[PDB]
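Visitor: Sharing input03.cif, mmCIF, N, CA and C atoms:
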```cif
data_coords
loop_
_atom_site.label_atom_id
_atom_site.label_comp_id
_atom_site.auth_asym_id
_atom_site.auth_seq_id
_atom_site.Cartn_x
_atom_site.Cartn_y
_atom_site.Cartn_z
N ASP W 1 11.51 -18.44 -13.97
CA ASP W 1 12.86 -18.22 -14.56
C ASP W 1 13.46 -16.88 -14.12
N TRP W 2 14.35 -16.93 -13.14
CA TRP W 2 14.86 -15.74 -12.46
C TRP W 2 16.35 -15.62 -12.70
N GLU W 3 16.80 -14.42 -13.06
CA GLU W 3 18.22 -14.18 -13.23
C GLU W 3 18.83 -13.99 -11.87
N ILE W 4 19.75 -14.87 -11.49
CA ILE W 4 20.40 -14.79 -10.20
C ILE W 4 21.53 -13.79 -10.40
N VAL W 5 21.39 -12.60 -9.83
CA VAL W 5 22.38 -11.54 -10.02
C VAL W 5 23.57 -11.70 -9.06
N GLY T 1 5.69 -2.57 -22.90
CA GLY T 1 5.38 -1.77 -21.71
C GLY T 1 5.21 -2.68 -20.51
N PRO T 2 4.85 -2.12 -19.38
CA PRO T 2 4.66 -2.97 -18.22
C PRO T 2 3.55 -4.02 -18.50
N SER T 3 3.85 -5.29 -18.32
CA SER T 3 2.94 -6.36 -18.73
C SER T 3 2.74 -7.46 -17.71
N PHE T 4 3.60 -7.51 -16.69
CA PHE T 4 3.55 -8.62 -15.76
C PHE T 4 2.21 -8.72 -15.03
N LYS T 5 1.69 -7.59 -14.56
CA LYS T 5 0.38 -7.57 -13.90
C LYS T 5 -0.75 -7.74 -14.92
N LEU T 6 -0.55 -7.28 -16.14
CA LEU T 6 -1.55 -7.56 -17.18
C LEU T 6 -1.68 -9.06 -17.37
N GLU T 7 -0.55 -9.76 -17.40
CA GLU T 7 -0.51 -11.16 -17.75
C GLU T 7 -0.76 -12.13 -16.58
N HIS T 8 -0.71 -11.65 -15.35
CA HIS T 8 -0.87 -12.55 -14.20
C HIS T 8 -1.67 -11.87 -13.12
N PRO T 9 -2.72 -12.52 -12.61
CA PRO T 9 -3.48 -11.94 -11.52
C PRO T 9 -2.66 -11.93 -10.22
N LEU T 10 -3.12 -11.13 -9.27
CA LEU T 10 -2.46 -11.00 -7.98
C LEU T 10 -2.10 -12.34 -7.34
N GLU T 11 -3.04 -13.28 -7.34
CA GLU T 11 -2.81 -14.55 -6.66
C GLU T 11 -1.58 -15.28 -7.22
N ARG T 12 -1.45 -15.33 -8.54
CA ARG T 12 -0.27 -15.98 -9.13
C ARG T 12 1.03 -15.21 -8.84
N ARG T 13 0.96 -13.89 -8.88
CA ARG T 13 2.12 -13.06 -8.58
C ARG T 13 2.60 -13.25 -7.13
N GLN T 14 1.68 -13.17 -6.17
CA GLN T 14 2.01 -13.35 -4.75
C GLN T 14 2.56 -14.72 -4.46
N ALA T 15 2.00 -15.74 -5.09
CA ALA T 15 2.48 -17.10 -4.95
C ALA T 15 3.90 -17.27 -5.48
N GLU T 16 4.22 -16.60 -6.58
CA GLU T 16 5.57 -16.70 -7.13
C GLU T 16 6.56 -15.94 -6.22
N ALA T 17 6.13 -14.79 -5.72
CA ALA T 17 6.92 -13.99 -4.78
C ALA T 17 7.23 -14.79 -3.52
N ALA T 18 6.21 -15.45 -2.96
CA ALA T 18 6.37 -16.24 -1.75
C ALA T 18 7.31 -17.40 -2.01
N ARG T 19 7.09 -18.09 -3.13
CA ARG T 19 7.93 -19.20 -3.52
C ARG T 19 9.42 -18.79 -3.58
N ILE T 20 9.70 -17.69 -4.26
CA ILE T 20 11.08 -17.31 -4.55
C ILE T 20 11.77 -16.74 -3.31
N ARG T 21 11.01 -16.05 -2.47
CA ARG T 21 11.57 -15.42 -1.29
C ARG T 21 11.87 -16.45 -0.21
N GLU T 22 11.13 -17.56 -0.22
CA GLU T 22 11.44 -18.70 0.63
C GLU T 22 12.71 -19.40 0.12
N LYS T 23 12.77 -19.66 -1.18
CA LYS T 23 13.93 -20.30 -1.79
C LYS T 23 15.22 -19.43 -1.72
N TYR T 24 15.08 -18.11 -1.83
CA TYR T 24 16.23 -17.21 -1.77
C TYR T 24 15.93 -16.11 -0.77
N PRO T 25 16.06 -16.41 0.53
CA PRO T 25 15.60 -15.49 1.58
C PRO T 25 16.28 -14.13 1.63
N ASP T 26 17.50 -14.02 1.12
CA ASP T 26 18.26 -12.78 1.24
C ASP T 26 18.26 -11.98 -0.06
N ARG T 27 17.41 -12.35 -1.01
CA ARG T 27 17.39 -11.67 -2.31
C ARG T 27 16.12 -10.91 -2.53
N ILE T 28 16.23 -9.86 -3.33
CA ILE T 28 15.10 -9.01 -3.65
C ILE T 28 14.66 -9.33 -5.07
N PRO T 29 13.38 -9.69 -5.23
CA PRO T 29 12.85 -10.00 -6.54
C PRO T 29 12.37 -8.74 -7.27
N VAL T 30 12.99 -8.46 -8.41
CA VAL T 30 12.74 -7.26 -9.15
C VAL T 30 12.19 -7.59 -10.53
N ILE T 31 11.15 -6.85 -10.94
CA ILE T 31 10.53 -6.98 -12.25
C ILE T 31 10.86 -5.71 -13.02
N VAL T 32 11.61 -5.84 -14.13
CA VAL T 32 12.07 -4.70 -14.92
C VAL T 32 11.45 -4.76 -16.28
N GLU T 33 10.73 -3.70 -16.63
CA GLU T 33 9.94 -3.65 -17.84
C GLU T 33 10.10 -2.31 -18.50
N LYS T 34 9.79 -2.27 -19.79
CA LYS T 34 9.95 -1.08 -20.57
C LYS T 34 8.94 -0.03 -20.18
N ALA T 35 9.41 1.22 -20.08
CA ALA T 35 8.54 2.33 -19.76
C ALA T 35 7.52 2.46 -20.89
N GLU T 36 6.30 2.75 -20.48
CA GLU T 36 5.18 2.83 -21.39
C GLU T 36 5.49 3.68 -22.64
N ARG T 37 6.06 4.86 -22.48
CA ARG T 37 6.20 5.74 -23.63
C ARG T 37 7.54 5.65 -24.41
N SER T 38 8.40 4.69 -24.07
CA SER T 38 9.74 4.60 -24.69
C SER T 38 9.84 3.60 -25.86
N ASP T 39 10.55 3.99 -26.92
CA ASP T 39 10.82 3.09 -28.06
C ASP T 39 12.20 2.40 -27.99
N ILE T 40 12.80 2.38 -26.81
CA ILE T 40 14.06 1.70 -26.57
C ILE T 40 13.84 0.21 -26.78
N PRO T 41 14.89 -0.52 -27.22
CA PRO T 41 14.75 -1.95 -27.38
C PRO T 41 14.43 -2.75 -26.12
N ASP T 42 13.99 -3.98 -26.36
CA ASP T 42 13.71 -4.95 -25.31
C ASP T 42 14.96 -5.40 -24.62
N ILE T 43 14.82 -5.67 -23.33
CA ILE T 43 15.89 -6.27 -22.59
C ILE T 43 15.69 -7.75 -22.60
N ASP T 44 16.79 -8.48 -22.40
CA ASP T 44 16.82 -9.93 -22.52
C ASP T 44 16.01 -10.64 -21.47
N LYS T 45 15.91 -10.05 -20.28
CA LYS T 45 15.35 -10.70 -19.11
C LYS T 45 14.55 -9.66 -18.29
N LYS T 46 13.41 -10.09 -17.77
CA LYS T 46 12.50 -9.24 -17.00
C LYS T 46 12.72 -9.42 -15.49
N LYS T 47 13.03 -10.64 -15.06
CA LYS T 47 12.98 -11.00 -13.65
C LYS T 47 14.35 -11.25 -13.05
N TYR T 48 14.68 -10.49 -12.02
CA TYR T 48 16.01 -10.50 -11.43
C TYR T 48 15.88 -10.74 -9.95
N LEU T 49 16.72 -11.64 -9.45
CA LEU T 49 16.87 -11.84 -8.02
C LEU T 49 18.18 -11.19 -7.58
N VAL T 50 18.10 -10.08 -6.86
CA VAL T 50 19.30 -9.31 -6.54
C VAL T 50 19.69 -9.43 -5.08
N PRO T 51 21.01 -9.41 -4.79
CA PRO T 51 21.41 -9.40 -3.38
C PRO T 51 20.89 -8.12 -2.69
N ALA T 52 20.55 -8.19 -1.41
CA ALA T 52 19.89 -7.04 -0.74
C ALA T 52 20.79 -5.81 -0.70
N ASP T 53 22.08 -6.06 -0.59
CA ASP T 53 23.02 -4.95 -0.56
C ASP T 53 23.62 -4.58 -1.92
N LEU T 54 23.10 -5.11 -3.03
CA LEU T 54 23.51 -4.61 -4.32
C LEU T 54 23.12 -3.14 -4.37
N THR T 55 23.96 -2.30 -4.96
CA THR T 55 23.53 -0.91 -5.13
C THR T 55 22.68 -0.75 -6.37
N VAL T 56 21.88 0.31 -6.38
CA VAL T 56 21.09 0.68 -7.53
C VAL T 56 21.98 0.81 -8.78
N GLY T 57 23.13 1.48 -8.63
CA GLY T 57 24.04 1.64 -9.73
C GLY T 57 24.56 0.32 -10.27
N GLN T 58 24.92 -0.60 -9.40
CA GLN T 58 25.35 -1.94 -9.83
C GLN T 58 24.21 -2.64 -10.59
N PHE T 59 22.97 -2.39 -10.16
CA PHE T 59 21.81 -2.97 -10.86
C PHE T 59 21.56 -2.33 -12.23
N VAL T 60 21.77 -1.03 -12.36
CA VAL T 60 21.65 -0.39 -13.64
C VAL T 60 22.64 -1.01 -14.65
N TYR T 61 23.86 -1.25 -14.18
CA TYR T 61 24.87 -1.89 -15.04
C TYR T 61 24.45 -3.32 -15.46
N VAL T 62 23.94 -4.07 -14.51
CA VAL T 62 23.37 -5.40 -14.77
C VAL T 62 22.34 -5.32 -15.89
N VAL T 63 21.39 -4.41 -15.78
CA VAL T 63 20.33 -4.25 -16.79
C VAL T 63 20.91 -3.80 -18.13
N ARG T 64 21.86 -2.86 -18.10
CA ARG T 64 22.43 -2.35 -19.34
C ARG T 64 23.17 -3.46 -20.10
N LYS T 65 23.72 -4.42 -19.39
CA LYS T 65 24.36 -5.55 -20.07
C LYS T 65 23.35 -6.43 -20.83
N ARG T 66 22.04 -6.29 -20.56
CA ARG T 66 21.06 -7.18 -21.17
C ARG T 66 20.24 -6.48 -22.25
N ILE T 67 20.80 -5.41 -22.79
CA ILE T 67 20.19 -4.68 -23.88
C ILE T 67 21.27 -4.33 -24.90
N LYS T 68 20.87 -4.19 -26.16
CA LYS T 68 21.75 -3.78 -27.27
C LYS T 68 21.44 -2.37 -27.67
N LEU T 69 22.35 -1.46 -27.35
CA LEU T 69 22.23 -0.05 -27.72
C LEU T 69 23.55 0.42 -28.28
N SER T 70 23.48 1.32 -29.26
CA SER T 70 24.66 1.96 -29.79
C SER T 70 25.25 2.75 -28.61
N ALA T 71 26.57 2.89 -28.63
CA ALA T 71 27.33 3.40 -27.50
C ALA T 71 26.99 4.84 -27.07
N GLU T 72 26.34 5.62 -27.94
CA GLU T 72 25.97 6.99 -27.61
C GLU T 72 24.59 7.13 -26.94
N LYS T 73 23.86 6.02 -26.85
CA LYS T 73 22.47 6.01 -26.42
C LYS T 73 22.34 5.78 -24.92
N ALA T 74 21.44 6.54 -24.33
CA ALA T 74 21.18 6.51 -22.88
C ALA T 74 20.19 5.42 -22.45
N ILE T 75 20.32 5.04 -21.18
CA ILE T 75 19.36 4.21 -20.51
C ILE T 75 19.14 4.82 -19.13
N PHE T 76 17.91 4.67 -18.62
CA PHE T 76 17.53 5.16 -17.29
C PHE T 76 16.61 4.11 -16.70
N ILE T 77 16.74 3.88 -15.40
CA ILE T 77 15.86 2.96 -14.70
C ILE T 77 15.14 3.77 -13.60
N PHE T 78 13.84 3.57 -13.50
CA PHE T 78 12.96 4.31 -12.59
C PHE T 78 12.23 3.34 -11.69
N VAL T 79 11.84 3.83 -10.51
CA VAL T 79 10.96 3.11 -9.63
C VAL T 79 9.79 4.05 -9.41
N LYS T 80 8.59 3.59 -9.78
CA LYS T 80 7.40 4.42 -9.82
C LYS T 80 7.71 5.81 -10.34
N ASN T 81 8.37 5.91 -11.49
CA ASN T 81 8.77 7.24 -12.01
C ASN T 81 9.70 8.13 -11.18
N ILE T 82 10.37 7.56 -10.19
CA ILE T 82 11.40 8.27 -9.45
C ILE T 82 12.73 7.75 -9.99
N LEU T 83 13.70 8.63 -10.18
CA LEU T 83 15.08 8.19 -10.49
C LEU T 83 15.86 7.90 -9.20
N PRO T 84 16.08 6.62 -8.87
CA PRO T 84 16.67 6.33 -7.58
C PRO T 84 18.18 6.63 -7.53
N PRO T 85 18.74 6.78 -6.33
CA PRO T 85 20.16 7.12 -6.23
C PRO T 85 21.08 5.95 -6.55
N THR T 86 22.07 6.15 -7.41
CA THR T 86 22.98 5.04 -7.71
C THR T 86 23.70 4.51 -6.47
N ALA T 87 23.87 5.32 -5.43
CA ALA T 87 24.57 4.85 -4.22
C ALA T 87 23.63 4.10 -3.27
N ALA T 88 22.33 4.11 -3.52
CA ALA T 88 21.39 3.49 -2.56
C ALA T 88 21.44 1.97 -2.69
N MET T 89 21.20 1.29 -1.59
CA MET T 89 21.07 -0.14 -1.65
C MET T 89 19.69 -0.55 -2.16
N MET T 90 19.66 -1.65 -2.91
CA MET T 90 18.39 -2.15 -3.42
C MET T 90 17.41 -2.45 -2.29
N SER T 91 17.93 -2.89 -1.14
CA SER T 91 17.12 -3.09 0.07
C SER T 91 16.32 -1.85 0.47
N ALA T 92 16.92 -0.67 0.37
CA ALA T 92 16.23 0.57 0.72
C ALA T 92 15.15 0.94 -0.29
N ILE T 93 15.43 0.69 -1.57
CA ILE T 93 14.43 0.94 -2.62
C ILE T 93 13.21 0.02 -2.40
N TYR T 94 13.50 -1.21 -2.04
CA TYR T 94 12.47 -2.23 -1.83
C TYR T 94 11.58 -1.83 -0.66
N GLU T 95 12.19 -1.34 0.41
CA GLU T 95 11.42 -0.92 1.58
C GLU T 95 10.50 0.22 1.25
N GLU T 96 10.99 1.19 0.46
CA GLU T 96 10.18 2.33 0.10
C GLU T 96 9.12 2.00 -0.93
N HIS T 97 9.39 1.06 -1.84
CA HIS T 97 8.54 0.97 -3.05
C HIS T 97 7.97 -0.39 -3.42
N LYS T 98 8.18 -1.41 -2.60
CA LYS T 98 7.73 -2.73 -2.95
C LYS T 98 6.22 -2.76 -3.17
N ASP T 99 5.82 -3.65 -4.05
CA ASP T 99 4.42 -3.83 -4.39
C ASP T 99 3.73 -4.72 -3.35
N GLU T 100 2.40 -4.64 -3.29
CA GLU T 100 1.63 -5.55 -2.45
C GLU T 100 1.93 -7.00 -2.76
N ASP T 101 2.35 -7.31 -3.98
CA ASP T 101 2.57 -8.70 -4.30
C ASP T 101 3.92 -9.25 -3.81
N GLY T 102 4.80 -8.40 -3.28
CA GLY T 102 6.12 -8.84 -2.85
C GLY T 102 7.28 -8.52 -3.81
N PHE T 103 6.97 -8.07 -5.01
CA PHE T 103 8.00 -7.72 -6.00
C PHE T 103 8.30 -6.24 -5.93
N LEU T 104 9.49 -5.88 -6.42
CA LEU T 104 9.81 -4.51 -6.70
C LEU T 104 9.67 -4.31 -8.20
N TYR T 105 8.84 -3.36 -8.63
CA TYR T 105 8.67 -3.05 -10.04
C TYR T 105 9.52 -1.86 -10.44
N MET T 106 10.30 -2.01 -11.52
CA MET T 106 11.07 -0.92 -12.08
C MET T 106 10.83 -0.83 -13.58
N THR T 107 11.02 0.36 -14.13
CA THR T 107 10.93 0.54 -15.58
C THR T 107 12.23 1.11 -16.12
N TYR T 108 12.48 0.85 -17.40
CA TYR T 108 13.65 1.42 -18.05
C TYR T 108 13.20 2.14 -19.30
N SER T 109 13.99 3.13 -19.67
CA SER T 109 13.66 4.04 -20.73
C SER T 109 14.95 4.59 -21.37
N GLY T 110 14.81 5.12 -22.59
CA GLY T 110 15.85 5.91 -23.25
C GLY T 110 15.72 7.39 -22.97
N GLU T 111 14.75 7.79 -22.13
CA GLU T 111 14.42 9.21 -21.91
C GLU T 111 14.27 9.51 -20.41
N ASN T 112 14.71 10.69 -19.99
CA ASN T 112 14.59 11.12 -18.61
C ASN T 112 14.09 12.57 -18.65
#
```
Before we go any further, please render this structure as structure tokens.
Guide:
Amino acid sequence: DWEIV
Amino acid sequence: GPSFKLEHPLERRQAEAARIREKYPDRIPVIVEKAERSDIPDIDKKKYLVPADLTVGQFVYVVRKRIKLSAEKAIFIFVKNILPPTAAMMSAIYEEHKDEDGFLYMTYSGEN
């Protein structure tokens, strides 16, 4: 679960 | 405090790094965790995929949006206890400081 900046 | 390496052995970390860097080739995977000695609140999210040319300062703002602090309270983000330059690109920080596992580890604190 990665925050796409 | 820093927990990602506590909670996952090298093999799982490297595998996740490889997975994500293949899926997003131009992004830098960053792990942001609370500095060991700080009582600042938790941030909403630990794992960030950042564009390579995002600046450090733009990233600090990104992180500050994911925490609840009264307006007078400070935040600081460190890489291996160095305060990086807000004008630097995340790509340069990654080159200097990336971990063996492929991630860039940063900490945040209410104290500098």
Visitor: Mind dumping a table of every stretch 3-66 of chain T residue within 8 Å of chain W, with the nearest atom pair and its distance in Å to one decimal, using only C-alpha atoms, sorted by chain and rising number, as a Markdown table?
Guide:
```
| residue | atom | partner | partner_atom | distance |
| --- | --- | --- | --- | --- |
| T:45 | CA | W:3 | CA | 7.4 |
| T:47 | CA | W:2 | CA | 5.2 |
| T:48 | CA | W:3 | CA | 4.7 |
| T:49 | CA | W:4 | CA | 5.1 |
| T:50 | CA | W:5 | CA | 5.2 |
| T:51 | CA | W:5 | CA | 7.0 |
| T:62 | CA | W:5 | CA | 7.8 |
```
Visitor: Taking N, CA and C atoms for each residue, export the selection above as a PDB file, in the coordinates of the input.
Guide:
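Output contents, as saved in result-v5.pdb:
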```
ATOM      1  N   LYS T  45      15.910 -10.050 -20.280  1.00  0.00           N
ATOM      2  CA  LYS T  45      15.350 -10.700 -19.110  1.00  0.00           C
ATOM      3  C   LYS T  45      14.550  -9.660 -18.290  1.00  0.00           C
ATOM      4  N   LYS T  47      13.030 -10.640 -15.060  1.00  0.00           N
ATOM      5  CA  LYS T  47      12.980 -11.000 -13.650  1.00  0.00           C
ATOM      6  C   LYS T  47      14.350 -11.250 -13.050  1.00  0.00           C
ATOM      7  N   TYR T  48      14.680 -10.490 -12.020  1.00  0.00           N
ATOM      8  CA  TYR T  48      16.010 -10.500 -11.430  1.00  0.00           C
ATOM      9  C   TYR T  48      15.880 -10.740  -9.950  1.00  0.00           C
ATOM     10  N   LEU T  49      16.720 -11.640  -9.450  1.00  0.00           N
ATOM     11  CA  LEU T  49      16.870 -11.840  -8.020  1.00  0.00           C
ATOM     12  C   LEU T  49      18.180 -11.190  -7.580  1.00  0.00           C
ATOM     13  N   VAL T  50      18.100 -10.080  -6.860  1.00  0.00           N
ATOM     14  CA  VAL T  50      19.300  -9.310  -6.540  1.00  0.00           C
ATOM     15  C   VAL T  50      19.690  -9.430  -5.080  1.00  0.00           C
ATOM     16  N   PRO T  51      21.010  -9.410  -4.790  1.00  0.00           N
ATOM     17  CA  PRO T  51      21.410  -9.400  -3.380  1.00  0.00           C
ATOM     18  C   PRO T  51      20.890  -8.120  -2.690  1.00  0.00           C
ATOM     19  N   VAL T  62      23.940  -4.070 -14.510  1.00  0.00           N
ATOM     20  CA  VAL T  62      23.370  -5.400 -14.770  1.00  0.00           C
ATOM     21  C   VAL T  62      22.340  -5.320 -15.890  1.00  0.00           C
TER      22      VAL T  62
END
```
Visitor: List every residue of chain T that DSSP, applied to the backbone of this structure, places in helix (DSSP H, G or I), and write the result as number ranges by chain.
Guide: T: 4-7, 10-23, 56-64, 90-97
Visitor: Could you jot down the atom CA of residue T:32 to atom CA of residue T:46 separation for me, Å, one decimal place?
Guide: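 Spanning atom CA of residue T:32 to atom CA of residue T:46 is a straight-line distance of 5.0 Å.
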Visitor: Quick one: residues within 6.5 Å of stretch 2-6 of chain T, only N, CA and C atoms counted, chain neighbours fewer than 6 positions away excluded, as an MDAnalysis selection string?
Guide: chainID T and resid 33:36
Visitor: Once the PyMOL selection byres (((chain T and resi 74 and name CA) around 10) and name CA) has been applied to the shown file, what residues remain in the selection, as a PyMOL selection string?
Guide: chain T and resi 40+64+69-73+75-76+109-112
Visitor: Taking every listed atom of stretch 4-23 of chain T and adding 3 Å to each side, what centre and edge lengths in Å (one decimal) does the axis-aligned box have, as JSON?
Guide:
```
{"center_x": 5.9, "center_y": -13.8, "center_z": -8.6, "size_x": 24.7, "size_y": 19.0, "size_z": 24.4}
```
Visitor: May I ask you to extract the residues of chain T within 12 Å of chain W, using only C-alpha atoms, and to give them as a PDB file with N, CA and C atoms, keeping the file's coordinate frame?
Guide:
```pdb
ATOM      1  N   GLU T  16       4.220 -16.600  -6.580  1.00  0.00           N
ATOM      2  CA  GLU T  16       5.570 -16.700  -7.130  1.00  0.00           C
ATOM      3  C   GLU T  16       6.560 -15.940  -6.220  1.00  0.00           C
ATOM      4  N   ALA T  17       6.130 -14.790  -5.720  1.00  0.00           N
ATOM      5  CA  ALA T  17       6.920 -13.990  -4.780  1.00  0.00           C
ATOM      6  C   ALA T  17       7.230 -14.790  -3.520  1.00  0.00           C
ATOM      7  N   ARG T  19       7.090 -18.090  -3.130  1.00  0.00           N
ATOM      8  CA  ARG T  19       7.930 -19.200  -3.520  1.00  0.00           C
ATOM      9  C   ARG T  19       9.420 -18.790  -3.580  1.00  0.00           C
ATOM     10  N   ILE T  20       9.700 -17.690  -4.260  1.00  0.00           N
ATOM     11  CA  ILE T  20      11.080 -17.310  -4.550  1.00  0.00           C
ATOM     12  C   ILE T  20      11.770 -16.740  -3.310  1.00  0.00           C
ATOM     13  N   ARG T  21      11.010 -16.050  -2.470  1.00  0.00           N
ATOM     14  CA  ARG T  21      11.570 -15.420  -1.290  1.00  0.00           C
ATOM     15  C   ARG T  21      11.870 -16.450  -0.210  1.00  0.00           C
ATOM     16  N   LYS T  23      12.770 -19.660  -1.180  1.00  0.00           N
ATOM     17  CA  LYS T  23      13.930 -20.300  -1.790  1.00  0.00           C
ATOM     18  C   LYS T  23      15.220 -19.430  -1.720  1.00  0.00           C
ATOM     19  N   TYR T  24      15.080 -18.110  -1.830  1.00  0.00           N
ATOM     20  CA  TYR T  24      16.230 -17.210  -1.770  1.00  0.00           C
ATOM     21  C   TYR T  24      15.930 -16.110  -0.770  1.00  0.00           C
ATOM     22  N   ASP T  26      17.500 -14.020   1.120  1.00  0.00           N
ATOM     23  CA  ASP T  26      18.260 -12.780   1.240  1.00  0.00           C
ATOM     24  C   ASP T  26      18.260 -11.980  -0.060  1.00  0.00           C
ATOM     25  N   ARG T  27      17.410 -12.350  -1.010  1.00  0.00           N
ATOM     26  CA  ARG T  27      17.390 -11.670  -2.310  1.00  0.00           C
ATOM     27  C   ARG T  27      16.120 -10.910  -2.530  1.00  0.00           C
ATOM     28  N   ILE T  28      16.230  -9.860  -3.330  1.00  0.00           N
ATOM     29  CA  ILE T  28      15.100  -9.010  -3.650  1.00  0.00           C
ATOM     30  C   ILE T  28      14.660  -9.330  -5.070  1.00  0.00           C
ATOM     31  N   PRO T  29      13.380  -9.690  -5.230  1.00  0.00           N
ATOM     32  CA  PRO T  29      12.850 -10.000  -6.540  1.00  0.00           C
ATOM     33  C   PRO T  29      12.370  -8.740  -7.270  1.00  0.00           C
ATOM     34  N   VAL T  30      12.990  -8.460  -8.410  1.00  0.00           N
ATOM     35  CA  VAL T  30      12.740  -7.260  -9.150  1.00  0.00           C
ATOM     36  C   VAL T  30      12.190  -7.590 -10.530  1.00  0.00           C
ATOM     37  N   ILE T  31      11.150  -6.850 -10.940  1.00  0.00           N
ATOM     38  CA  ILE T  31      10.530  -6.980 -12.250  1.00  0.00           C
ATOM     39  C   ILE T  31      10.860  -5.710 -13.020  1.00  0.00           C
ATOM     40  N   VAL T  32      11.610  -5.840 -14.130  1.00  0.00           N
ATOM     41  CA  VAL T  32      12.070  -4.700 -14.920  1.00  0.00           C
ATOM     42  C   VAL T  32      11.450  -4.760 -16.280  1.00  0.00           C
ATOM     43  N   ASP T  44      16.790  -8.480 -22.400  1.00  0.00           N
ATOM     44  CA  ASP T  44      16.820  -9.930 -22.520  1.00  0.00           C
ATOM     45  C   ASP T  44      16.010 -10.640 -21.470  1.00  0.00           C
ATOM     46  N   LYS T  45      15.910 -10.050 -20.280  1.00  0.00           N
ATOM     47  CA  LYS T  45      15.350 -10.700 -19.110  1.00  0.00           C
ATOM     48  C   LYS T  45      14.550  -9.660 -18.290  1.00  0.00           C
ATOM     49  N   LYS T  46      13.410 -10.090 -17.770  1.00  0.00           N
ATOM     50  CA  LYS T  46      12.500  -9.240 -17.000  1.00  0.00           C
ATOM     51  C   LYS T  46      12.720  -9.420 -15.490  1.00  0.00           C
ATOM     52  N   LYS T  47      13.030 -10.640 -15.060  1.00  0.00           N
ATOM     53  CA  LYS T  47      12.980 -11.000 -13.650  1.00  0.00           C
ATOM     54  C   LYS T  47      14.350 -11.250 -13.050  1.00  0.00           C
ATOM     55  N   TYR T  48      14.680 -10.490 -12.020  1.00  0.00           N
ATOM     56  CA  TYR T  48      16.010 -10.500 -11.430  1.00  0.00           C
ATOM     57  C   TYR T  48      15.880 -10.740  -9.950  1.00  0.00           C
ATOM     58  N   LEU T  49      16.720 -11.640  -9.450  1.00  0.00           N
ATOM     59  CA  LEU T  49      16.870 -11.840  -8.020  1.00  0.00           C
ATOM     60  C   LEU T  49      18.180 -11.190  -7.580  1.00  0.00           C
ATOM     61  N   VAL T  50      18.100 -10.080  -6.860  1.00  0.00           N
ATOM     62  CA  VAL T  50      19.300  -9.310  -6.540  1.00  0.00           C
ATOM     63  C   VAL T  50      19.690  -9.430  -5.080  1.00  0.00           C
ATOM     64  N   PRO T  51      21.010  -9.410  -4.790  1.00  0.00           N
ATOM     65  CA  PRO T  51      21.410  -9.400  -3.380  1.00  0.00           C
ATOM     66  C   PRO T  51      20.890  -8.120  -2.690  1.00  0.00           C
ATOM     67  N   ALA T  52      20.550  -8.190  -1.410  1.00  0.00           N
ATOM     68  CA  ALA T  52      19.890  -7.040  -0.740  1.00  0.00           C
ATOM     69  C   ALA T  52      20.790  -5.810  -0.700  1.00  0.00           C
ATOM     70  N   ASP T  53      22.080  -6.060  -0.590  1.00  0.00           N
ATOM     71  CA  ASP T  53      23.020  -4.950  -0.560  1.00  0.00           C
ATOM     72  C   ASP T  53      23.620  -4.580  -1.920  1.00  0.00           C
ATOM     73  N   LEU T  54      23.100  -5.110  -3.030  1.00  0.00           N
ATOM     74  CA  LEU T  54      23.510  -4.610  -4.320  1.00  0.00           C
ATOM     75  C   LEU T  54      23.120  -3.140  -4.370  1.00  0.00           C
ATOM     76  N   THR T  55      23.960  -2.300  -4.960  1.00  0.00           N
ATOM     77  CA  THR T  55      23.530  -0.910  -5.130  1.00  0.00           C
ATOM     78  C   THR T  55      22.680  -0.750  -6.370  1.00  0.00           C
ATOM     79  N   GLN T  58      24.920  -0.600  -9.400  1.00  0.00           N
ATOM     80  CA  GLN T  58      25.350  -1.940  -9.830  1.00  0.00           C
ATOM     81  C   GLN T  58      24.210  -2.640 -10.590  1.00  0.00           C
ATOM     82  N   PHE T  59      22.970  -2.390 -10.160  1.00  0.00           N
ATOM     83  CA  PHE T  59      21.810  -2.970 -10.860  1.00  0.00           C
ATOM     84  C   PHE T  59      21.560  -2.330 -12.230  1.00  0.00           C
ATOM     85  N   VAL T  60      21.770  -1.030 -12.360  1.00  0.00           N
ATOM     86  CA  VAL T  60      21.650  -0.390 -13.640  1.00  0.00           C
ATOM     87  C   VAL T  60      22.640  -1.010 -14.650  1.00  0.00           C
ATOM     88  N   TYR T  61      23.860  -1.250 -14.180  1.00  0.00           N
ATOM     89  CA  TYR T  61      24.870  -1.890 -15.040  1.00  0.00           C
ATOM     90  C   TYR T  61      24.450  -3.320 -15.460  1.00  0.00           C
ATOM     91  N   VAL T  62      23.940  -4.070 -14.510  1.00  0.00           N
ATOM     92  CA  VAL T  62      23.370  -5.400 -14.770  1.00  0.00           C
ATOM     93  C   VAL T  62      22.340  -5.320 -15.890  1.00  0.00           C
ATOM     94  N   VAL T  63      21.390  -4.410 -15.780  1.00  0.00           N
ATOM     95  CA  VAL T  63      20.330  -4.250 -16.790  1.00  0.00           C
ATOM     96  C   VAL T  63      20.910  -3.800 -18.130  1.00  0.00           C
ATOM     97  N   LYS T  65      23.720  -4.420 -19.390  1.00  0.00           N
ATOM     98  CA  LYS T  65      24.360  -5.550 -20.070  1.00  0.00           C
ATOM     99  C   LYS T  65      23.350  -6.430 -20.830  1.00  0.00           C
ATOM    100  N   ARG T  66      22.040  -6.290 -20.560  1.00  0.00           N
ATOM    101  CA  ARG T  66      21.060  -7.180 -21.170  1.00  0.00           C
ATOM    102  C   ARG T  66      20.240  -6.480 -22.250  1.00  0.00           C
TER     103      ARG T  66
END
```
Visitor: Go through the shown structure with the PyMOL selection byres (((chain T and resi 99 and name CA) around 12) and name CA) and write out the matching residues as a list in words.
Guide: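 Residues picked by the PyMOL selection byres (((chain T and resi 99 and name CA) around 12) and name CA): residues 5, 10, 13, 14, 17, 28, 29, 30, 31, 79, 80, 93, 94, 95, 96, 97, 98, 100, 101, 102, 103, 104, 105 and 106 of chain T.
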Visitor: Could you work out how far atom C of residue T:90 lies from atom CA of residue T:107, giving the answer in Å with one decimal?
Guide: 15.1 Å
Visitor: I'd like the interatomic distance between atom N of residue T:83 and atom C of residue T:25, to a tenth of an Å.
Guide: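 Between atom N of residue T:83 and atom C of residue T:25 the gap is 25.8 Å.
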